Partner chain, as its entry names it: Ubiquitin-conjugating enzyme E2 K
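In the block that follows, a single chain appears as structure tokens, in the form deposited without the partner chain.
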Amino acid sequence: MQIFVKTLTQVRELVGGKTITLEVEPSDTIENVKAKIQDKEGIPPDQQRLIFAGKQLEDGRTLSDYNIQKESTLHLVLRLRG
């Protein structure tokens, strides 16, 4: 099962960038997914937030809990911890 991850349109419109493809499973947690993004892009999961269908995803839940299926697109955004 592959899913797509990209930044917001307005971010891409200004600075560009690519859509990342992740090899995932239905039972993968959101923290699993952020780690795969970390492995790919080096971005710390603590500063990552994922969005599907407008709503924020929480770490303990699985992809199947949010009905994220094959070829779904998630949006990735920054969250600074301070």
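Take the two forms, superpose them, and find the largest set of C-alpha atoms that agree within 1.5 Å; that set is the rigid core. Numbering follows the first chain given and starts at 1.
Another form, the form solved in complex with the partner chain, is not on view; read the next lines as being about it.
Student: Going by a heavy atom distance of 4.5 Å, is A35 a contact of the partner chain in the bound PDB entry?
Tutor: Although the partner chain is absent here, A35 would stay clear of it in the bound PDB entry, with no heavy atoms inside 4.5 Å.
Student: Counting only non-hydrogen atoms and a 4.5 Å cut-off, give the residues of 46 to 65 close to the partner chain in the bound PDB entry.
Tutor: Heavy-atom contacts to the partner chain in the bound PDB entry: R49, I51, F52, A53, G54, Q56.
Student: Once you align the rigid core, which of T73, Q69, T9, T21 turns out to move its Cα at least 2 Å between this form and the one not shown?
Tutor: None of the others reach 2 Å, which leaves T9.
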